[PDB]
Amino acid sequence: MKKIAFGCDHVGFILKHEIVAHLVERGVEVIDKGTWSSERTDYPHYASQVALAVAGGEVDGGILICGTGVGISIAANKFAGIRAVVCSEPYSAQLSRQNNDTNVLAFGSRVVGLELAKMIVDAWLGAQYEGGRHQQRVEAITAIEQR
């Protein structure tokens, strides 16, 4: 995860500058997909921008923030080749990389505070997909897509 496409709605935006700064500090190139203010806007559009960038290989992964991260991650997961984890603790983030090869992480600005959110990001970026027995399971997910 060297370059990441970032997206958020107006509610997720409250964490944007700090999370972007944290990613730059961790040495990742952030491709910013918006939004750019607290002006009311629709989360599915930003989900699409990040998801398209990840699925099309222009970026290694995506990070998405809304009020809870849930709606924005449901939208992302609708795209083929996207496996998005939403969570409020770092164990789920870490294991989803290890077992599910997640390429998109989401969380909620009204659920997690900033420093917990930073720890979830670190746990996600720090984990490696373990393949092995988990591969046939991940392949089952793809099969669901292409039916």
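Just count from 1 along the sequence shown to find any residue number.
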Practice task
Using only the Cα atoms and their B-factors as the entry lists them, report which of 134-142 and 121-129 averages higher.
Solution key: 134-142
Practice task
Between 30-38 and 87-95, name whichever shows the higher mean Cα B factor according to the PDB entry.
Solution key: 30-38
Completion exercise
Top Cα B-factor in this entry, restricted to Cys66, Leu116, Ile63, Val54, sits on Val54
Exercise for the section: Could you tell me which third, lowest, middle or highest, the C-alpha B-factor of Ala80 occupies within its chain? Expected result: middle
Fill in the blank from the handout: The third of the chain into which the C-alpha temperature factor of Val59 falls is the highest
